[PDB]
């Protein structure tokens, strides 16, 4: 219910770099580096992209990067391609010892 604030949509031409913001509070995003990012394709399970603000699990491309300043975390997708067209969710653990997700961001790749 008390979801993290994410822009509804982020779009760009192929080859471009995009940034997705994730705003929470001092109790969650602002409290620690327990912030992770997820990629979700239509009709598929979410996939971990970034954990602990900016760490990449094995298999995740160097094109995906993370950062955090204050109560805001950010995901950057460089060299945007058609396979990056998915929904993106940030997650954070809380001082209320729960996990909270962002509202989600649909990433679209713009044509010609």
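Numbering follows the first chain given and starts at 1.
Asks: For the stretches 47 to 55 and 23 to 31, which has the higher mean C-alpha B-factor as given in the deposited record?
Replies: Per the deposited B-factors, the answer is 23 to 31.
Asks: Can you tell me whether 102 to 110 has a higher mean C-alpha B factor than 1 to 9 in this record, or the other way round?
Replies: Going by the record's values, the stretch with the higher mean is 1 to 9.
Asks: Between 36, 81, 71, 39, which one tops the list for C-alpha B-factor in the PDB entry?
Replies: Largest recorded C-alpha B-factor: 71.
Asks: By its CA B factor, does residue 60 count among the lowest, middle or highest third of the modelled residues in the chain?
Replies: It falls in the top third of the chain.
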